[PDB]
């Protein structure tokens, strides 16, 4: 799809058998979700956003469906005021910005 930016670019995701929404975020290097259970091993990571800092769990090689497209990559779990799909996974969709 093509979408314009008059509203937030929110898409449906499926991860670990649960359905959520997330914002396609070209300003985010990494994908960060809050409201989700992932199984298995993970590593502590701190990420830095406008408001300071947030401490996250890094899950590697996570299967995720984004607007219908299956991909695998890194997902960070931690407090974020909005679930975010970052460029790590947008590149897998061949996403572009156009103007």
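Residue numbers count along the first chain shown, from 1. Basically, rigid core = biggest C-alpha set you can superpose within 1.5 Å across the two forms.
- Looking at 50-58 and 68-76, the one farther from the shown form in 4 other deposited structures of this protein by average CA distance, after a rigid core fit, turns out to be 50-58.
- Fitting each structure in 4 other deposited structures of this protein onto the rigid core and averaging C-alpha distances over structures and residues, 41-49 emerges as the more displaced of 41-49 and 59-67.
- The question of which stretch, 63-71 or 38-46, has the higher mean Cα B factor is settled in favour of 38-46.
- Legend: mean Cα B-factor per stretch from the PDB entry, 22-30 versus 49-57; the higher mean is in 49-57.
- Sorting 79, 9, 86, 16 by the CA temperature factor given in the entry leaves 79 at the top.
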